[PDB]
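Each chain gets a letter, A, B and so on, in the order its sequence line appears, and its residues count up from 1.
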Number of protein chains: 4
Amino acid sequence: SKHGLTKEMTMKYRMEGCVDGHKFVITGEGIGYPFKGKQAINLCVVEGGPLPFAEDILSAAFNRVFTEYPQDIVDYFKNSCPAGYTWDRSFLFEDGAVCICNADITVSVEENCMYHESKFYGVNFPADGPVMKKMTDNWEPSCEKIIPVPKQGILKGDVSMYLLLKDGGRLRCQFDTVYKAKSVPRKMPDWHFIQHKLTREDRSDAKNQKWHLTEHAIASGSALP
Amino acid sequence: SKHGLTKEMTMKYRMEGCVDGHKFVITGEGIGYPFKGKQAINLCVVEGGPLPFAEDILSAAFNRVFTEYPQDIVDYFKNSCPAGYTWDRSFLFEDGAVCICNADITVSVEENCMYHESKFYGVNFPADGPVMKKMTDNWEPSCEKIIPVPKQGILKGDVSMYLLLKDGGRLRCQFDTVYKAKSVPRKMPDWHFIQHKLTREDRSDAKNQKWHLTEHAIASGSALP
Amino acid sequence: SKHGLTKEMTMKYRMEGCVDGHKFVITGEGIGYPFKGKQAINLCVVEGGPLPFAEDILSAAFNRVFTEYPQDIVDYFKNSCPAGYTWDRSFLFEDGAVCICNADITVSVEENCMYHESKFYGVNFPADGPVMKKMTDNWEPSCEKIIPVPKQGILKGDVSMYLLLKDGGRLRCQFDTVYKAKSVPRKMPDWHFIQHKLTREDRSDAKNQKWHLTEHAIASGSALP
Amino acid sequence: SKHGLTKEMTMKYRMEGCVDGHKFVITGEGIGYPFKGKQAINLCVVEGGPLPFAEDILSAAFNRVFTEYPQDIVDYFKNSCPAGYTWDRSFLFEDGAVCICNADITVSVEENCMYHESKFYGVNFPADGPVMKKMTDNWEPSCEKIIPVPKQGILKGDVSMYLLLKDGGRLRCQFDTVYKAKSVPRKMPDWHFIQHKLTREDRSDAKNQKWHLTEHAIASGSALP
């Protein structure tokens, strides 16, 4: 219980959202390894299923506590535990679609469990584009830049994301994030990178829309001396 | 009761929202003149007041039924009444802030009353910018382009907005809107312009954050023969 | 010779440019009516023809002297004559392509002739998009907002343009312009609109790529009292 | 003379350009180490000096031949030598300024020398922003994503750049690049990253505006297995 965290934890999720008028509620449960930056989770659509849009748009909405940090970069995210942190992100897709997500991350030390409460809102997905036609095929691995805002004790993230398409295409999406510990820390990192790789697998059956998501993320500094 | 509408109507509002973690609920009541494109309303912050951000960001979120349409342009908005229409908009401010709003417009013919239910979400307003410092001073009058999407029986709006600043500055914001009648009409307009002018006046006292908003809007076609 | 201008003038053009590595020089001659805001011109590709891209991208590059101004809005452009004005514009297409153009406008009072020297540079047009496939079909009429920068005695223009496609599509392009009289005037307009309508007709034969362009433009203030 | 390249080479530059009406010509000479991804060069303003804008805007305009590639990623850039490659880039600054640059890279094997010919065009830098006030302080190290376009045998680059400000600020700039070998190769890389670090030092005296630039760049694949 280094910040209320252990090497292997469980996770619970609740998301509420609305994309172009369609409302939904998703719940999920998972297992993660904070110090390795690995998590695996299972989502279940509990109201508003089947979703009219690609599951993939929600991937990055479903916790930077799961990042591998080297000893020599301040870990803002684990340092905020157990009370945790919140974040707010915009998604700017290349075809005009725009999303906002918010989450609240909190630890129950007694249950050894991370709690995740999020809101997802999206507008203006083209009726005929690959999101609404469900023709996407996962996000490409990425490199996010994390930038301290020292007067405020918050972080920004900047990542140019590429949603891969079933037909061999790619659809660009610009992510801009604000990360806020519930207590603004005296101890802040320098700017650094976080690299991410996701997987996603639909496991839907006749009763429920369900899928399985994975992330592996590792922090680092610049490769140049 | 041309589409359930009269020359002078009353209006009720409820908005729920969240801007950078701060949640709020606003209610409002007003009087409008659908055929002149004029409305005047009074808002009252009912949870989460005082707001930490400029009232002005919510102005365009608080009904295209109030637009003056010439006989010779199809009025998509009045034609959708009484059941009404919904819209979804993104706000892209020049300093990185991003908002989404949604509203649902409906007529009660018996009460001669327009009902307005909206959601407003905003992220990434700079702590030190004029929105969070409440240094704005109304939107400049504008010209919006309205564009039919004929295969879908919906409209898009495109307007480059300028929020005027107390210090003499201007802050650009890009509005992209989707307008959707609850029944997709066979009768659709050609592309046209809608010009808008707003006013806003804080009328806050010690019990409640309150203000007064006005819009005057007129549709037209291109000035060139 | 109100500012060296007459009711009917002739015009000469020279453009040099480079779009994704392809260099070109175009010359042109035309007739215009400054006080009616009308001009008609003929372009001839003189080096680098046939062009690999749609003629339409160059339309707005080929003089705000040809705008109809009401008595009650300062005419920055005619006021700058005969020495004239320069402008610098960015074109941001929705598919990632980016252009810059520059022009220099000057009057020869003895010849009753407007001289136009421009540079056009474009990058990153998709090999398979409608510009490089020459599947465009003129720009839609528009409304440009003109905004004074009073400390500097220059103007900005902001117009969201739509290039119409042969297949019934539309391709958005964002125009941001800086307009600079060669002497910064004491007399400046308030913000206003300029509406534009263009036509274009290829008149290419076996010796030369040639086409005919027209603009009709009219300034106005807000429609709302 | 692996592709006409040696471990240590010399470099010559000529740039012509125009930023908001101000024309310039810069020449330069340098020493580089293609296999280590290191170069050091000296620029001299030869027409239009002193420049009215920050030297820093031209840094990335002044050769991906100087990148360290691991054996296991195809080196598109060295593979294009000696004939070389060209590139076209847009710069989208957060305050509205827009630049385009083009370069042509070629090797003289007899002289053991890389030749660099470039064009730089910029519009709409705010008169009062840090570029025109010359208040910038170098670019932050970055990570560029390099993406193959297989049907075309070209590469794209995508990097979100941050120009550091003397006052402790940062000014964002979005770089989108197209890289084109003069012969489209059968052998293409997979997507990868290139990390960059620059330095810049003014060495201006009374006769000439002069400065010294350095780059160190290294290619890599994703950190996640």
Next item on the list: Taking heavy atoms only and a threshold strictly under 4.5 Å, list by residue number the residues of residues 53-74 of chain B that touch chain C; give 'none' if the list is empty.
Entry: none
Item checked: residues 3-12 of chain B: residues contacting chain C (heavy atom under 4.5 Å, by number) -> none
Margin query: Applying a heavy-atom distance below 4.5 Å, give me the residues of residues 87-94 of chain C that approach chain B, sorted by number.
Written below: none
Note to self: For a 4.5 angstrom cut-off between non-hydrogen side-chain atoms, does C:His216 reach B:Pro225?
What the structure shows: yes
Check: Do the non-hydrogen side-chain atoms of B:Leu224 and C:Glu215 ever get within less than 4.5 Å of each other?
Finding: no
Notebook entry, point to check: To the nearest 0.5 Å, how far apart are CZ in B:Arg170 and NZ in C:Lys156?
Noted result: 10.0 Å
Is [X] atom [atom1] crowded by more than 12 heavy atoms from other residues, nucleotides or ligands, each under 6.0 Å away?
{"X": "B:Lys119", "atom1": "NZ", "value": "yes"}
{"X": "C:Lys180", "atom1": "NZ", "value": "yes"}
{"X": "B:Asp190", "atom1": "CG", "value": "no"}
{"X": "B:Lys2", "atom1": "NZ", "value": "yes"}
{"X": "C:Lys134", "atom1": "NZ", "value": "yes"}

Let me check something: any side-chain donor-acceptor pairs from residues 141-153 of chain C under 3.5 Å, sequence neighbours excluded? List them with distances.
{"from": "C:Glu144", "atom 1": "OE1", "to": "C:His196", "atom 2": "NE2", "distance (Å)": "2.8"}
{"from": "C:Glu144", "atom 1": "OE2", "to": "C:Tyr179", "atom 2": "OH", "distance (Å)": "2.7"}
{"from": "C:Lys145", "atom 1": "NZ", "to": "B:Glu140", "atom 2": "OE1", "distance (Å)": "2.7"}
{"from": "C:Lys145", "atom 1": "NZ", "to": "B:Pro141", "atom 2": "O", "distance (Å)": "2.8"}

